[PDB]
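Colleague: Protein chains in written order, with the authors' numbering: chain A, 1 to 21; chain B, 1 to 30.
If you scroll down you'll find the structure; I have some questions about it.
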């Protein structure tokens, strides 16, 4: 989930925007 | 501010800035 993609590995703008409403 | 390790309140803060007025959902155990 988001913790695996952005916390334990390096985040990106592409991935963050997947969680906007 | 987005291309780094973001955890806890630091992650929530990034979602807040990026998503702006459309808001977001935060699910740490999904």
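Heads up, the beta-carbon is just placed ideally off N, CA and C, and yes, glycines get one too.
(1) Give me the DSSP bridge partner(s) of residue 20 (chain A).
(2) Does the distance from the CB of residue 2 (chain A) to the CB of residue 4 (chain B) come in under 8 Å?
(3) Strictly under 8 Å for the Cβ-Cβ distance: is residue 18 (chain B) near chain A by that measure?
(4) Output yes or no for whether 8 Å exceeds the beta carbon distance between residue 24 (chain B) and residue 19 (chain A).
(5) Once the 5 residues before and after residue 14 (chain B) are set aside, which same chain residues still bring their CB inside 7 Å of it?
Modeller: The structure says:
(1) Within the first chain, numbered from 1, the residue matching residue 20 (chain A) stands at position 20. Partner(s): B:24.
(2) Position 2 of the first chain holds residue 2 (chain A). Position 4 of the second chain holds residue 4 (chain B). Not a contact, by the Cβ cut-off of 8 Å.
(3) The residue given as residue 18 (chain B) occupies position 18 in the second chain. So yes, residue 18 (chain B) belongs to the interface.
(4) Within the second chain, the letter at position 24 stands for residue 24 (chain B). Within the first chain, the letter at position 19 stands for residue 19 (chain A). For residue 24 (chain B) and residue 19 (chain A), yes; Cβs fall inside 8 Å.
(5) Locating residue 14 (chain B) in the second chain gives position 14, counting from the first residue. Same-chain partners within the cutoff: 1, 2 and 6.
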